[PDB]
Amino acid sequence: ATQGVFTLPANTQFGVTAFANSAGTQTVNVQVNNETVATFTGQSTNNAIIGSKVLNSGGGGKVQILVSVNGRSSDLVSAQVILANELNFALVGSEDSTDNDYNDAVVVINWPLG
């Protein structure tokens, strides 16, 4: 299945935060309605935050996360979870090699804000 694609409510503020756990330099691309609106590039093996931004989901509400290392796409896994019928998490893990820890770039999307 396609992974890393989420339908948010339209015209809604959301946060996106990426963590790195890999020897490879992670490039996280955030697309809103098929346009790149944020890019984080960084490296850590200690869960360092490579970026965090507030964005708007726009008319279509489509948010897509892509992760690559040195131009090669990582394999993605994702899910959305809702707590208290209001607090939303859209979660992405990614794997750049063969150890299958899926933590090489970890991306958390959260809404609502404020």
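Don't overthink the numbering: it's just position in the shown sequence, from 1.
Student: Of 31 to 39 and 45 to 53, which one has the bigger average CA B-factor?
Tutor: 31 to 39 has the higher mean C-alpha B-factor.
Student: Return whichever of 55 to 63 and 81 to 89 has the greater mean Cα B factor according to the PDB record.
Tutor: It is 55 to 63 that shows the higher mean C-alpha B-factor.
Student: Sort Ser94, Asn11, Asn21, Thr17 by C-alpha B-factor from the entry and give me just the highest.
Tutor: If I rank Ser94, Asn11, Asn21, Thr17 by C-alpha B-factor, first place goes to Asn11.
Student: Among all modelled residues of this chain, ranked by Cα B factor, put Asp99 in the bottom, middle or top third, i.e. lowest, middle or highest.
Tutor: For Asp99, whose C-alpha B-factor we compare with every modelled residue in the chain, the answer is the highest third.
Student: Taking only the Cα B-factors deposited for this chain, tell me whether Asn110 sits in the lowest, middle or highest third.
Tutor: Bottom third by C-alpha B-factor.
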